[PDB]
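Pasting in a structure now, in structure tokens, and then I'll have a few things to ask.
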Amino acid sequence: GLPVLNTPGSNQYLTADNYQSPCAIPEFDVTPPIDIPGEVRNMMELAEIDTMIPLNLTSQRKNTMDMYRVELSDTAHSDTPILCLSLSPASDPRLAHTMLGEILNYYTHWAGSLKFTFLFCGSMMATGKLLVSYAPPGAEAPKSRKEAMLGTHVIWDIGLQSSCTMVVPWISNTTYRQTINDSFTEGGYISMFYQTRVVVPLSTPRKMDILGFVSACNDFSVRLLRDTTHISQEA
Amino acid sequence: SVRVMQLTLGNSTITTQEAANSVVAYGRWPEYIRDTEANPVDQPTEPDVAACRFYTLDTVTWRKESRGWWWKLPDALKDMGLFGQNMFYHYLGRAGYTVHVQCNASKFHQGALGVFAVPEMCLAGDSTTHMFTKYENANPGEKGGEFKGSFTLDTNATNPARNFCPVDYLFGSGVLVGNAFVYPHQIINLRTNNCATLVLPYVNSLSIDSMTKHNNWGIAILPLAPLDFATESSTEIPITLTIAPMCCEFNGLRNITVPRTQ
Amino acid sequence: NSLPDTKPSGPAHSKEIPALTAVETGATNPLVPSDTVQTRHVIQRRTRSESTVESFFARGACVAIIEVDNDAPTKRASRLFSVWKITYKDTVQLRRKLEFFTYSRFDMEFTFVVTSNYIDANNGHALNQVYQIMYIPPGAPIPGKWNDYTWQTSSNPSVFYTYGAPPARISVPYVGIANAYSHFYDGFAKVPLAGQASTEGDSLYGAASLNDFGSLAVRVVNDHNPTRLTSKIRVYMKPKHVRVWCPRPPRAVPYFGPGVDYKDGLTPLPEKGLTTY
Amino acid sequence: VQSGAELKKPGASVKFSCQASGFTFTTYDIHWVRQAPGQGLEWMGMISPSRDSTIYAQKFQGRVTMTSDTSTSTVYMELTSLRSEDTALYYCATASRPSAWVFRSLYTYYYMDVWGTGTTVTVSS
Amino acid sequence: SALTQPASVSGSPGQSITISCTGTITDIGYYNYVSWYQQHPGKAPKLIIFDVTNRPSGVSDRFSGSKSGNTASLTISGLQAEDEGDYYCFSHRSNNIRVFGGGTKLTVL
Amino acid sequence: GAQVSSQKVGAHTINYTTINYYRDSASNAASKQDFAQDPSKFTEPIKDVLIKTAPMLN
Ligand SMILES: CCCCCCCCCCCCCCCC(=O)O
């Protein structure tokens, strides 16, 4: 009889323990594994894949195939924005239902850089330039090209290479950012503007669509697992 | 330089001049069963060039009102020659695939197609009764099926249809179609490329399975951007699939399987 | 190990174009922030340890609530024993986490939490109860009564739990007949043949085995008290030593049955303007 | 379990009444099964007074509405329009015999074990 | 959509008979909620089997039940003259619809 | 037959000790020592070698 003392925390069930346990089926011959292609060892291998963003969540456009498409036009030059994003990779209604957003809804803290890739789906004869900008927070959100020129921006020329990637750098006052829509540790503002305009010749469609993609970089991390608000069960 | 390719398998040859690239799904080329992973004990038959060749399915037409198309493998190649005969004669079958999608248009056209290769592409039914879709509707063959714009419930309890009702933004399975890019994929954008090539290895939880009971891969073609041409009244361009099996082997030889069709 | 460090980068004017890409080829552009903006040297000490698949599946989840009663068998037909067929698909959270992937292979640890309650305490009192949890593999006989011969457990594994104890915990190995579990099965159990009748050859779409992992049988060992006592045992399921093999998009609509079907809960995204932040 | 009356009229709506005990009203589900003469049994629907949820058969979905009354422990069934095939004997049944098999993973399934004496309705001029 | 039963089964006293009930998938062939009911003329239906092989209290032991695929069978061993009447098959369909059988008249010869 | 290994150094001895008490491997605790990763089979599943500075279509 070895003298022992029972510490507090005895006879509890913690859901996240790592204790050993007896086996109900001893001496079982486990079927040996095979080399199935595509083995996933980390969730951040899946967040580094481009997935489409439901950018156009207008009431006639949402929950249809039209919500992934933003319509560009042949009309004259203006400094009004084409799209606007609030950079909350979860709890923005556009970004939270991407695969990056669905992985990040299982976590409370995120850190790292993001890649935004926009694909041009017009004709070959269609030619134009675009300004894709990122504004770090603490200021008024840019409603014109003159305001968003001062931030981090990429000028994209439409040509043979049909898509361009803007890398949002990790500019933050904290080591990790919170998943929910907290005003503290907010992400920034992302918008797209016309630099010059899209011009087409005759016998060409004057309206063309753009498709946006989101993915994480190699410096991306999450650190505290949680439940999601995207699933529910009745009764 | 990169934009030209020549594929050859068996007696068939595909040449393209406006290719993007070729995607090998999950970085794995198709291969035969190694001796360390072989579950059946009988000698496999390997038809080689009799089965590993490019078969061309029926041509579907892309227009403005079209919402998508889908196919099942190896169900789409069940009537395609000696591959279909070796599938129907044998109990077990394993094949990798090279899927080539062809869709050409002029430089004044616009549009984009998403070519998605889905392992275990399950589709939802049309009724309240769960898992009630029959074999004849879940295996249409070379004609495939079509994605629909909205969900419609079958109220006929006397003679139910027992069919799929795949909604294209729900991808036929209740997942958002923007997140379908985690599958191995290529995009046919008409200003960029006229073809898509996917090389699919054998992906299953078994080394070999019954091909007549089980579909390993599903190919989904969805218009990511709609077709438009010159602001005129109507336009219609064709889409052609060409699928080649790779590394075929079959084990359990018995009499012919004639499935019920109605 | 730590993530790769941010190398310092100056201004660039060259033929190299890392920003231009083509997503028609099916690849992600592998860009870092030094390819687009000027960066400083940052030594990164962050790790991806919590984002592993083992840490993702490290938490247990409730899969069943099995209800048993202790009562005299002569009145009102109380549930003296109850049988539950083992599946994960009736609770949505662990089902969604598993249906992130197609194929999986893990050991599993079970945990059973038992609570008891009095229907009416004015009828008397009752003693401490002992609960028997019997595993029924597929093919083993099912009990028909609470005092049947099948509860002797000559070959079936059984766990006896005294009320008030710490919760009962066992582990099982990988018990699948394949080389991995299949979360999705695009197929049928049997193929209908030509010439046979319409009642023959039908099967469910995606069922595979109808009884794949068996059932759990729960009863109260003790005899009947004058008071009716109800009891709920909650099954908590924790995967460990996890390997997964094919990533899938997560489910965006409410689940409807064991398959991929949907009836309601559609149109999930809310209204948000295009040019409003 | 008691049935209200026995009636006859073509065309117009006929209301049914079934009164049970107060324990069985709040705990168990109440089912409606009809029986044409020599033609076997036919399920019509379910009223569950603990949560006031209704499930109807697809043959009787548009015509049959079921209500509940907690003050008298009585459930009601109304057929909004009647045809000549609806000449049948209508039973009121209480589902209180349970199954050992757990319905889904959280609920209990009950079979019918207590049946009322019935109600005969004739649809003829 | 109703379940299939034979119209009439006949037998002498002392013999062993079997009444068969064939349904479909999403039915008997999927669930274990298969039950049997007995109806004498003028009476309410009485439950004689509630789960697949299980009997309620008070039902005589000569009744038995089994299931093989999409078919459930009720077997009466040692038939008596008091068993004359109708036998009804009952099961649960997966769309939460409860459905009966056609009914089998038993005649004791 | 004890196994000694290093734990996490967050807010921080360095080592911890684990002994397997049961015969079968399903009884063992989660080791959580895996840090293998290769996203290139999902992010670049292309037969040709991708160079980020080059044009992707050439
Ligand atoms: C004394 C009780 C013993 C309990 C025995 C449990 C039997 C093994 C259960 C394995 C469940 C597997 C669930 C996931 C499989 C899948 O992904 O299809």
Side-chain angles (χ1 to χ4, degrees), chain A residues 21-26 28-31 33 36, chain B residues 120 122 204-206, chain C residues 53 57 60-64 66 81-91 93-114 131-140 143 150-161 167-187 189 204 206-219 233-246 248 258-260, chain D residues 105, chain F residues 24 26-27:
Chain A
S21 52
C23 193
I25 315 174
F28 194 82
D29 189 20
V30 179
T31 311
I36 311 174
Chain B
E120 313 278 347
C122 298
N204 209 356
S205 55
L206 299 156
Chain C
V53 283
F57 289 109
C62 178
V63 293
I66 319 174
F81 80 110
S82 60
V83 194
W84 164 70
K85 183 180 292 295
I86 301 176
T87 177
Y88 61 90
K89 295 189 173 184
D90 295 328
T91 64
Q93 299 201 147
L94 186 57
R95 182 181 182 179
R96 194 174 196 263
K97 291 177 72 179
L98 282 177
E99 285 189 1
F100 258 82
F101 301 101
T102 317
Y103 307 119
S104 61
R105 172 189 178 95
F106 40 79
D107 300 327
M108 179 175 291
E109 189 155 282
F110 281 83
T111 310
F112 302 97
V113 178
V114 189
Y131 295 93
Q132 180 182 16
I133 305 139
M134 189 183 63
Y135 183 40
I136 302 164
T150 44
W151 301 98
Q152 295 172 8
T153 72
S154 192
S155 303
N156 286 337
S158 186
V159 175
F160 288 89
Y161 177 77
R169 164 172 289 199
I170 53 166
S171 65
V172 291
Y174 170 66
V175 296
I177 61 177
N179 300 310
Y181 297 124
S182 61
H183 306 153
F184 295 90
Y185 178 68
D186 188 18
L204 295 180
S209 299
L210 294 180
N211 193 8
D212 46 359
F213 302 117
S215 300
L216 298 188
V218 181
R219 71 159 179 171
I233 170 166
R234 283 156 168 98
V235 187
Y236 283 82
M237 168 185 294
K238 170 185 159 154
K240 50 179 185 177
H241 313 139
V242 193
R243 299 179 68 187
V244 288
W245 278 283
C246 282
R248 294 187 88 92
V260 294
Chain D
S105 298
Chain F
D24 58 282
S27 292

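Proteins come first, then strands; the chains are lettered A, B, ... in the order of their sequence lines, and each starts at number 1. Values below: every heavy atom of this structure, side chains too, minus hydrogens, waters and symmetry copies. Order of listing sets the numbers, starting from 1, for every ligand and every atom in it.
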- Just which atoms of ligand 1 are under 4.0 Å from any heavy atom in C:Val172? 5 (C), 6 (C)
- Any idea which part of A:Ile25 is under 4.0 Å from ligand 1, heavy-atom wise: side chain, backbone, both or neither? neither
- Does a donor on one side chain and an acceptor on the other come within less than 3.5 Å for C:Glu109 and C:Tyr236? no
- Which residues satisfy the ring-ring contact (aromatic ring centres under 6.0 Å, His included) test with C:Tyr185, sequence neighbours excluded? B:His214
- Query: Partners of C:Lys85 by salt bridge (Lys or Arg N to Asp or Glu O under 4.0 Å), sequence neighbours excluded?
  - Reply: none
- Task: Considering heavy atoms of the protein only, find what lies nearest to atom 17 (O) of ligand 1 and give residue, atom and distance to 0.1 Å.
- Result: C:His183 CD2, 3.1 Å
- Can you tell if the side chain of A:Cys23 reaches within under 4.5 Å of the side chain of F:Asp24, non-hydrogen atoms only? yes
- Message: Just to be sure I read this right, does ligand 1 sit under 4.0 Å from the backbone of C:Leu98, its side chain, both, or neither, counting only heavy atoms?
- Response: neither
- Task: Taking atom types as modelled, find out whether C:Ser215 and C:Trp84 have a side-chain donor-acceptor pair closer than 3.5 angstrom.
- Result: no
- Query: Should C:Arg248 and C:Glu99 count as an ion pair when the cut-off is N to O under 4.0 Å?
  - Reply: no
- Please state which part of C:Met237 comes within less than 4.0 Å of ligand 1, counting heavy atoms only: side chain, backbone, both or neither. neither
- Enumerate the atoms of ligand 1 whose separation from the nearest heavy atom of C:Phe110 is less than 4.0 angstrom. 6 (C)
- What protein heavy atom sits nearest atom 7 (C) of ligand 1, and how far off is it? C:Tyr135 OH, 3.4 Å
- Message: For a 4.5 angstrom cut-off between non-hydrogen side-chain atoms, does C:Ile66 reach C:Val235?
- Response: yes
- Return the residue, atom name and 0.1 Å-rounded distance of the protein heavy atom closest to atom 8 (C) of ligand 1. C:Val175 CG2, 3.8 Å
- Counting from 1, what ligand 1 atoms have a heavy atom of C:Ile170 closer than 4.0 Å? 1 (C), 2 (C), 3 (C)
- Task: Please report the closest heavy-atom contact between C:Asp107 and C:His241, naming both atoms and the distance.
- Result: OD2-ND1, 2.9 Å
- Query: Can you tell me the protein heavy atom closest to atom 13 (C) of ligand 1 and the distance?
  - Reply: C:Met108 CE, 3.8 Å
- Task: Under 4.0 Å, heavy atoms only, figure out whether ligand 1 is touched by the backbone of C:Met134, its side chain, both or neither.
- Result: neither
